[PDB]
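Enquirer:
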Amino acid sequence: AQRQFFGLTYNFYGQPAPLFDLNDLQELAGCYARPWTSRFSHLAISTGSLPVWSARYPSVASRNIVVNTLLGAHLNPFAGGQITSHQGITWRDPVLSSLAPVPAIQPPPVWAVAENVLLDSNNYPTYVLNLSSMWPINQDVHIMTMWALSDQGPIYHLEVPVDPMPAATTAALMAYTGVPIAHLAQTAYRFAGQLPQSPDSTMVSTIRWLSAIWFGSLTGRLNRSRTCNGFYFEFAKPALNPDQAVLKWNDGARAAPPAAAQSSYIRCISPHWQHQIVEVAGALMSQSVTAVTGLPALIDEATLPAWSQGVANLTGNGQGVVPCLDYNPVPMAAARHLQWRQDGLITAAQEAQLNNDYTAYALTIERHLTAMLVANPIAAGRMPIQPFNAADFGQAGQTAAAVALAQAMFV
Amino acid sequence: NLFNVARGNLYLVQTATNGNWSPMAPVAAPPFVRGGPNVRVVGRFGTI
Amino acid sequence: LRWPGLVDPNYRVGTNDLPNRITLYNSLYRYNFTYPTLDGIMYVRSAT
Amino acid sequence: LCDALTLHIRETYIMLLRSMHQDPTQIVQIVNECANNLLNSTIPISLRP
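Chains as they are written, first to last, in the entry's author numbering: chain A, 2 to 412; chain B, 973 to 1020; chain C, 1167 to 1214; chain D, 390 to 438.
#1: Classify C/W1169: buried if its beta carbon has 16 or more other beta carbons within 10 angstroms, exposed otherwise.
#2: Please report whether the beta-carbon of C/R1196 lies at a distance below 9 Å from any beta-carbon of chain A.
#3: For A/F21 versus A/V61, is the C-beta spacing smaller than 9 Å?
#4: Three Cβ pairs or more, each shorter than 8 Å: is that satisfied between the segment 93-108 of chain A and the segment 307-317 of chain A?
#5: Do A/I386 and A/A292 have their C-beta atoms closer together than 9 Å?
#6: Determine whether the Cβ of C/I1188 lies closer than 9 Å to any Cβ atom of chain B.
#7: Since A/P330 is in the alpha helix (DSSP H), which residue starts that stretch and which ends it?
#8: Can you name the residues of chain A whose CB is closer than 9 Å to the CB of C/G1180?
#9: Using a C-beta to C-beta distance shorter than 8 Å, which residues of chain D count as neighbours of B/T1019?
#10: Taking the CB atoms as reference points, tell me whether A/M410 and A/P259 lie closer together than 9 Å.
#11: Taking the alpha-carbon of A/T400 as reference, which of A/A284, A/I366 and A/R337 has the nearest alpha-carbon?
#12: For a test of the three-state rule: what should DSSP assign to A/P102, helix, strand or coil?
#13: Expressed to the nearest angstrom, what Euclidean distance is found between the alpha-carbon atoms of B/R1012 and A/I267?
#14: Can you look up A/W92 in the DSSP assignment and give me helix, strand or coil?
#15: Would B/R1012 count as contacting chain C if we go by Cβ distances under 9 Å?
#16: Cβ atoms of A/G221 and A/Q351: under 9 Å apart, would you say?
#17: Answer with yes or no whether the minimum CB distance from C/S1212 to chain A is below 9 Å.
#18: In chain C, which residues lie with their C-beta within 8 Å of the C-beta of A/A262?
#19: Note the first and the last residue of the continuous alpha helix (DSSP H) segment covering A/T360.
#20: Going by DSSP in three states, A/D393 sits in which element: helix, strand or coil?
#21: If you run the structure through DSSP and keep just helix, strand and coil, what is A/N139?
#22: Quick check on the DSSP output: what are the complete beta strand (DSSP E) runs of length 3 or more inside the segment 17-91 of chain A, in order along the chain?
#23: Between the alpha carbons of B/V977 and B/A997, how many angstroms are there, rounded?
#24: Below 7 Å on C-beta distance, what does B/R1016 contact in chain C?
#25: Between the Cα of A/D152 and the Cα atoms of A/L130, A/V118, A/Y14 and A/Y58, which residue gives the shortest distance?
#26: Please classify A/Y11 as buried or exposed, where buried requires at least 16 other C-beta atoms within 10 Å of its C-beta.
#27: From the DSSP secondary-structure annotation, give me the bridge partner or partners of C/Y1209.
#28: Ordered along the chain, which non-local residues of its own chain (more than five positions away) have a Cβ less than 7 Å from that of A/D164?
#29: Applying the 10 Å Cβ sphere with the 16-neighbour rule, what's the burial state of C/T1214?
#30: Counting Cβ pairs closer than 8 Å, one from the segment 314-323 of chain A and one from the segment 282-298 of chain A, do we hit at least three?
#31: Spatial neighbours of D/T414 within its chain, please: CB distance less than 8 Å, with the 5 preceding and 5 following residues excluded, ordered by chain position.
#32: Here's the rule: buried if 16 or more other CB atoms are within 10 angstroms of the residue's CB, otherwise exposed. What is A/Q343?
#33: Please list, in chain order, the residues of the segment 395-406 of chain D that have any C-beta partner in chain A closer than 7 Å.
#34: Which runs of the alpha helix (DSSP H), 4 residues or longer, sit entirely within the segment 273-322 of chain A?
#35: So which residues on chain A does D/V417 lean against when the C-beta distance must stay under 8 Å?
#36: Is A/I214 helix, strand or coil when you go by DSSP?
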């Protein structure tokens, strides 16, 4: 299958120890203190449209943002070989399941707190000699890596071949029809995180084809009148829950396979991704693919945070790197509505209408995060919000280039 | 009161004392008044 | 010819022939659906 | 073994179904709105692969 994941631990943002305390270990949903196979656990049972977030976890990406620093704080293996222990907490045994208090009689060595520790994976020989059991850990660490190599939104990866969708892909995809993007992220992740799959498996090339097929919809290029291969995502009114996507199937005028491969990493600069279940789902839904199949190439050092500068085997700067086109939710959806008007889906009156109904919605996202960062600073201890600063929220980077990527990805 | 009809509101807090408990004439300020710091109301339906 | 899937080494999971020749040994996709049957609680609005 | 014709017909019906699949979670809103808020509910639904 695959066994060689190069990771990278979360940044401290200038804080002493990793941003999380003792209580985070016995609060995680699902399997006790087991951080593995968590993420989409608090969403296992849907009650309604309202995004699941409590007091300690003020947002959607709050559950994951916490399991990240909690994850890295206990990742001496792959980066040292030992098991160590942070604040009296360690793994049960070599398989690395749930975290229990440091066992007596033979306690592990105390972990040396460090920021951004490069994970080699092969450094821990027990991993490959017990792959079929500790496989989820590979998918999860990969997630933490994509989240760590960015101070503003998880950097996933789109692709799309030069030729049309395989004959085994079109038959597998016709099963995730009436399924929201929020759920596609849950089924995608829970798939690549329980049993060692192959890089050329049917469910892998289809889930990847489902992610890049989602980006076009998010940009508006793959609407109701322009399918990639009969699949798209119908968006509801932004004032009436814009989180709803669903992979609808039609028989309209399909697009056409591009002249070349459109491999490209994408990011969401705007801190809006934090509270948007749709953005967090789109990110983690793509990460499920780069898990079973390590990074197709290296990531561009063009922008990114000041700590992801020249990583071991993650972010480069030469010619073997792939540019990262980052966008912004508000301008992206503002350009997404503009696509619908061009082909005649919406009236020229609903053009400037959907913009005001969405910008008001995205405002609620901004009014929420700003009010949560102040409530939960950073020097306090944890980092459920991630210090984004209020100077941003609307400084859209090359979002205009991400849109031009979708037009090129589906000619 | 002279007709059995207290006004104000009713608090429900687990105070387990030993002194002169006094439900009616309450000494000191009432804990957490409406619209106080972190004191959320119950949305009309009251659904959980 | 009837069995391009079973015999031929260049088969491609999911590839038919359909319009022209009914293939026998193919590559179907056995599903395992569950049919959730909702039954929830239902709160009224409350006078005011 | 499964005659491409039959395998193709079913692969069509599986789609006919998915086509008309309804996101279970949205069901709360449909009832909430269809009733004009007079009646508000909640329906837990275990999302699965």
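The beta carbon of each residue, even a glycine, is placed where N, CA and C say it ideally should be.
Expert: A quick look at the data gives this:
#1: Residue numbering aside, residue 1169 of chain C sits at position 3 when the third sequence is read from its first letter. C/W1169 should be labelled exposed.
#2: Position 30 of the third sequence holds residue 1196 of chain C. With 9 Å as the cut-off, C/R1196 does not count as an interface residue toward chain A.
#3: Position 20 of the first sequence, counted from the start, is the residue given in the question as residue 21 of chain A. Position 60 of the first sequence, counted from the start, is the residue given in the question as residue 61 of chain A. No, Cβ-Cβ distance for A/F21 and A/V61 is not below 9 Å.
#4: no
#5: Taking the first sequence and counting its residues from 1, the one referred to as residue 386 of chain A is at position 385. Taking the first sequence and counting its residues from 1, the one referred to as residue 292 of chain A is at position 291. Not a contact, by the Cβ cut-off of 9 Å.
#6: Here residue 1188 of chain C refers to the residue found at position 22 when the third sequence is read from its first residue. Answer no: the Cβ-Cβ gap between C/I1188 and chain B never drops below 9 Å.
#7: Mapped onto the first sequence, residue 330 of chain A falls at position 329. It spans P330 to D344 - the alpha helix (DSSP H) in which A/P330 sits, taken as one unbroken run.
#8: One-based indexing of the third sequence puts residue 1180 of chain C at position 14. Within 9 Å Cβ-Cβ: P167, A168, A169, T170, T171, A172, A173 and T203.
#9: Translated into positions along the second sequence, residue 1019 of chain B becomes position 47. Neighbours of B/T1019 on chain D, chain order: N429, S430 and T431.
#10: Here the question's residue 410 of chain A lines up with position 409 in the first sequence. Here the question's residue 259 of chain A lines up with position 258 in the first sequence. Cβ distance < 9 Å, so A/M410 and A/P259 count as in contact.
#11: As a working mapping, residue 400 of chain A is identified with position 399 in the first sequence. Selected option, being the one with the closest Cα: A/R337.
#12: Within the first sequence, numbered from 1, the residue matching residue 102 of chain A stands at position 101. Taken through DSSP and simplified to helix, strand or coil, A/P102 comes out as strand.
#13: As a working mapping, residue 1012 of chain B is identified with position 40 in the second sequence. As a working mapping, residue 267 of chain A is identified with position 266 in the first sequence. The straight-line gap from Cα to Cα measures roughly 39 Å.
#14: Counting from one through the first sequence, the residue named residue 92 of chain A turns up at place 91. Residue state, collapsed to three classes: strand.
#15: Mapped onto the second sequence, residue 1012 of chain B falls at position 40. For B/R1012, the answer is no, since every Cβ of chain C falls outside 9 Å of its Cβ.
#16: As a working mapping, residue 351 of chain A is identified with position 350 in the first sequence. As a working mapping, residue 221 of chain A is identified with position 220 in the first sequence. Cβ atoms of A/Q351 and A/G221: not closer than 9 Å.
#17: Within the third sequence, residue 1212 of chain C is the residue found at index 46, counting from 1. No, C/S1212 does not count as interfacial toward chain A.
#18: In the first sequence, residue 262 of chain A corresponds to position 261, counting from 1. Within chain C, no residue comes near A/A262; the closest Cβ sits about 20 Å away, beyond 8 Å.
#19: In the first sequence, counting from the first residue as 1, residue 360 of chain A sits at position 359. That run of the alpha helix (DSSP H) goes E352 to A376.
#20: Taking the first sequence and counting its residues from 1, one reaches residue 393 of chain A at position 392. Coil, per DSSP.
#21: Numbered from its first residue, the first sequence carries residue 139 of chain A at position 138. It is helical.
#22: Correct list: empty.
#23: Against the second sequence, residue 977 of chain B aligns to sequence position 5. Against the second sequence, residue 997 of chain B aligns to sequence position 25. Using only the alpha carbons, I get a separation of about 14 Å.
#24: Looking up residue 1016 of chain B in the second sequence gives position 44. Within 7 Å Cβ-Cβ: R1211 and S1212.
#25: On the first sequence, position 151 is the one that residue 152 of chain A refers to. Answer by Cα proximity: A/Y14.
#26: On the first sequence, residue 11 of chain A is found 10 positions in, with the first residue counted as 1. Looking at its Cβ environment, which holds 16 or more other Cβ atoms inside 10 Å, A/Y11 is buried.
#27: Working through the third sequence from its first residue, we reach residue 1209 of chain C at position 43. Partner(s): D/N429.
#28: Stepping through the first sequence from its first residue, residue 164 of chain A is reached at position 163. For A/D164, where only same-chain residues beyond five positions count, the Cβ hits under 7 Å are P258.
#29: Here residue 1214 of chain C is taken as the residue at index 48 of the third sequence, counted from 1. Exposed, since its Cβ has fewer than 16 Cβ neighbours within 10 Å.
#30: yes
#31: Looking up residue 414 of chain D in the fourth sequence gives position 25. The beta carbon of D/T414 sits closer than 8 Å to those of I434 and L436, all from its chain and outside the five residues before and after it, given in chain order.
#32: Here residue 343 of chain A refers to the residue found at position 342 when the first sequence is read from its first residue. A/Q343 comes out exposed.
#33: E400, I403 and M404
#34: The segment 273-322 of chain A is shown to contain whole alpha helix (DSSP H) runs of 4 or more residues at 278-288 and 290-293, in chain order.
#35: Working through the fourth sequence from its first residue, we reach residue 417 of chain D at position 28. Per Cβ cutoff of 8 Å: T48, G49 and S50.
#36: Here residue 214 of chain A is taken as the residue at index 213 of the first sequence, counted from 1. Three-state result, A/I214: helix.
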